[PDB]
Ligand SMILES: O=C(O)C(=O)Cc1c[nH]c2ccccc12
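In the form solved without this ligand, a lone chain appears below as structure tokens.
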């Protein structure tokens, strides 16, 4: 009865994505205009040297747009946020965060929930991810509250992991769904530049990189194993996952929560470091399925930057069609951190539909999903598309 309590307790098939919800703040920022706006709101028009370094950066970021909670209104009222680090500004950011992060998350759940089609009362687990969370309880408690989730929903907050959390969230979703029969996991990633936006400094060119690539956004997935026939529609199946630390990459990507808010540190080595180890990951994940041709899988890569994508595409020489949904997202949404990959997952199943593809993975049956962040950490996830009738 005890060894019997286990089998009945766990689920059957693979944890599957039964819905995908997305949301962003109202302020769409045109990248072609950001350089003038950025240097004007921070009061740095007098430093023509920097501006050109930033312009070059935005102009080569492959990002044409980004949604930002931070608007000129909020910035003119928060001069401390416009400074580099000469004055503290954590508490003001923290307030923005306690309000915005949960708000974007709910908006994403509400869409995911609706698509899913079942009562929110059926959600058993909640996985919440954000670069940071301002208080105790974390944002996971706040979002559950706002959404109206049952009080016995088991929450897990994933804070301060990094841009790779988009993958770890799926790795966690997978184990939650498959070890608990009849379970439905609500997986949410919510990010804003409110905690990281700050003024430019010539002596901190890396931080200037983050000011041109980071954008706001929230994604919501409903994950569950053993979907109900004719009721729940799965569009992806989470097959296998792995996490690793790239060798000799210590300090490559990092951040610090300090009195001046969150500080971003990024080494020029990241692209190299990811390219030189991305293949190992592939053989470790796909050889077990007897797959050696990378181009036979569909792709979902975290858009950490234009250079990183071009590298991976070369070291693996994936054809030009692989990073299309991924670049589609980066272009229209920028680097929304952990949320990015899920936005691409929706972009992928969308294109598949609008193009008469045999499956949700653009005709291909299997695919990989990548997460890159502080570590440097590499998060791998093997998917299984679903056939579209």
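Residue numbers count along the first chain shown, from 1.
What comes next is about the form solved in complex with this ligand, which is not displayed.
Checklist entry - Hey, of 297 to 305, 97 to 105, 234 to 242, 179 to 187, which bit sits against this ligand in the bound PDB entry at 4.5 Å between non-hydrogen atoms? => result Residues of 297 to 305 come within 4.5 Å of the partner.
Checklist entry - Given that this ligand is left out here, which of 25, 367, 21, 374 has a heavy atom within 4.5 Å of it in the bound PDB entry? => result It is 374 that has a heavy atom within 4.5 Å of the partner.
Item to check | Contact assignment for this ligand in the bound PDB entry, among 253, 126, 309, 246, heavy atom within 4.5 Å | outcome: Here the answer is residue option 253.
Next on the checklist: Considering non-hydrogen atoms and a 4.5 Å limit, does this ligand approach residue 163 in the bound PDB entry?
Outcome noted: Residue 163: yes, in contact with this ligand in the bound PDB entry.
Checklist entry - So in the bound PDB entry, does any heavy atom of residue 81 sit within 4.5 Å of this ligand? => result No, no contact at 4.5 Å.
Checklist entry - Can residue 214 be called a contact residue for this ligand in the bound PDB entry at 4.5 Å between heavy atoms? => result Result yes; residue 214 sits at the interface with this ligand in the bound PDB entry.
Next on the checklist: Can you tell me whether residue 262 touches this ligand? I mean in the bound PDB entry, with a 4.5 angstroms heavy atom cut-off.
Outcome noted: Looking in the bound PDB entry, residue contacts with this ligand include residue 262, since a heavy atom lies within 4.5 Å.
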